[PDB]
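Inspection log for the structure reproduced underneath, given as structure tokens.
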Amino acid sequence: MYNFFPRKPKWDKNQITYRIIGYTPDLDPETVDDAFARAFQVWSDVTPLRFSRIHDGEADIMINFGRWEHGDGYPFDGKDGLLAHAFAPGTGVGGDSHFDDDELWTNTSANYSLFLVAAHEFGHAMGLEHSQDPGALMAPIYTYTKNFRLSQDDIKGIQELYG
Ligand SMILES: CCCCCc1ccc(C(=O)Nc2ccc(S(=O)(=O)N(CCN3CCOCC3)[C@@H](C(=O)NO)C(C)C)cc2)cc1
Ligand SMILES: [Ca+2]
Ligand SMILES: [Ca+2]
Ligand SMILES: [Zn+2]
Ligand SMILES: [Zn+2]
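Going left to right, the sequence shown walks through residues 4 to 166 as my numbering numbers them.
If you want it as structure tokens, here you go:
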């Protein structure tokens, strides 16, 4: 068994299952659907990962909102600030991402762009963590995609984490 682990079998296997717990209205429903598929390819384009969407057998990664209550450690906030987040890798809880409730995400000329806000959370849902690099994707600063630019910093972390 390689070595001992912290009980949680860190996610690490092709074929992934994900299910949004509730599309958002700020943008088209079929649009949020595309912003996620594109995003899927935005991160799958850097590795032969296989994503599978479900809607009845639950999913390893569960997406939704943050709500005002929640309990995490920062209820409500509106404005930019917290835009979303996910829990460490694991089963059920590991792989879920929460998006800000009162906000305006859209695949149009909005500002957060479901494809962008998700991309970032599409990297955290995995395991990589902020590396301090500002020009990185996991960087601690929100950078809109005026030209969608990737970064090996991720191709590398996702390379040893997958291919
Ligand atoms: C498309 C390719 C181009 C990529 C460019 C590119 C480059 C950098 C970024 C970027 O930095 N995005 C981003 C950063 C923070 C948050 S956030 O406010 O929810 N947030 C941080 C909030 N805050 C500051 C630092 O982290 C701790 C506290 C949460 C978090 O880490 N989620 O993963 C946490 C609160 C859970 C959300 C998105 C995006 C695109
Ligand atoms: Ca917010
Ligand atoms: Ca999960
Ligand atoms: Zn949460
Ligand atoms: Zn982050």
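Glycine is no exception: its CB is placed at the ideal position from the N, C-alpha and C atoms.
Hey, is residue i close to ligand 5, as in C-beta under 7 Å from one of its heavy atoms?
| i | result |
| --- | --- |
| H101 | no |
Considering only residues of the same chain and omitting the five flanking positions on each side of residue i, which have a CB-CB separation below 6 Å?
| i | result |
| --- | --- |
| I158 | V49 |
| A38 | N110, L117 and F118 |
Tell me whether residue i, by its Cβ, gets closer than 7 Å to a heavy atom of ligand 3.
| i | result |
| --- | --- |
| residue 174 | Nothing about residue 174 can be read from this structure; the chain reaches only from 4 to 166. |
| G126 | no |
| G130 | no |
| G166 | no |
Regarding residue i and ligand 4, is the C-beta to nearest heavy atom distance less than 7 Å?
| i | result |
| --- | --- |
| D75 | yes |
| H88 | yes |
What residue from the options has the CA that sits closest to residue i's CA?
| i | options | result |
| --- | --- | --- |
| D136 | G130, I144 and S55 | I144 |
| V35 | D156, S116, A89 and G95 | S116 |
| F90 | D80, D83, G84 and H101 | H101 |
| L86 | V45, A121, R53 and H133 | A121 |
| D29 | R53, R152, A113 and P78 | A113 |
| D15 | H133, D103, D105 and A128 | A128 |
| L153 | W46, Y165, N67 and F68 | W46 |
Verify the contact flag: residue i, CB atom, against every heavy atom of ligand 1, threshold strictly below 7 Å.
| i | result |
| --- | --- |
| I57 | no |
What does a CB cutoff of less than 7 Å around residue i pick up in its chain, not counting 5 residues either side in sequence?
| i | result |
| --- | --- |
| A62 | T20, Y21 and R22 |
For residue i, is the beta carbon positioned less than 7 Å from some heavy atom of ligand 2?
| i | result |
| --- | --- |
| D80 | yes |
**Message:** Which runs of the beta strand (DSSP E) at least 3 residues long sit entirely within the stretch 9–42? Give them in chain order.
**Reply:** 19–23
**Message:** Threshold first: 4 residues or longer. Then list the alpha helix (DSSP H) segments lying entirely within the stretch 94–164, N to C.
**Reply:** 117–127 and 155–164
**Item:** Segments of 3+ residues assigned as beta strand (DSSP E) that fall wholly inside the stretch 36–94
**Value:** 54–56, 64–68 and 87–89
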